[PDB]
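Okay, here we've got a single chain as structure tokens, the form deposited in one PDB entry, with questions on binding and movement later.
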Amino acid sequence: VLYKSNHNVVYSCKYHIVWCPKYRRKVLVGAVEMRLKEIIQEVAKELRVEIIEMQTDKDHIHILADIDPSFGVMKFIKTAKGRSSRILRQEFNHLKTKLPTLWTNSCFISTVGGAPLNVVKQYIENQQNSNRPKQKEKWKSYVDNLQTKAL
């Protein structure tokens, strides 16, 4: 796991973001799909967001991004959907005439880290004495990174 920092925060903020076109119309196909990803990449590039992975289904776009926690994941999302909708609808007439808006007013957001929730929770508990979790091997690299970043 690699950490970045703005002027005041050290962070690692990865989000699995998903959103679908309006009425889940299966429009994210062909040139629309390829164009959409290109627009998202340029939006991320200028908004200093790192697209770790991004794939499209026919009525879904999955994005795994690292976003500055102070910038705001929603600021990235609003920009990506807003611009892509404005552009795509200009380029592909069918999205303009057969749909009131390209996207919906919602999305799905889930945080992603280097280890599953339970181990981080475990590590937090241990702090009160910091003896040794003894685990085995499992998740030792992650926990090692942490204790180092905190001393």
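Residues that one form lacks are left out of the comparison. Throughout, rigid core stands for the largest set of C-alpha atoms superposing within 1.5 Å between the two forms. Position 1 is the first residue in the sequence shown; the rest follow in order.
Although it is not shown, the form deposited in another entry is what the next lines describe.
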item: Flag for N118, CA shift 2 Å or larger between this form and the one not shown after aligning core; value: yes
item: Shift of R24 between this form and the one not shown at or above 2 Å (CA, core fit); value: no
item: C-alpha of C13 moved at least 2 Å between this form and the one not shown on rigid core; value: no
item: Sense of CA distance change between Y11 and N126 in that other deposited form, threshold 3 Å; value: closer
item: Note on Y11-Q127 C-alpha separation in that other deposited form, which departs from the shown form by 3 angstroms or more; value: closer
item: Structural rearrangement between this form and the one not shown, runs of 3 or more with C-alpha shift of 2 angstroms or more, core superposed; value: 1 to 6, 114 to 151
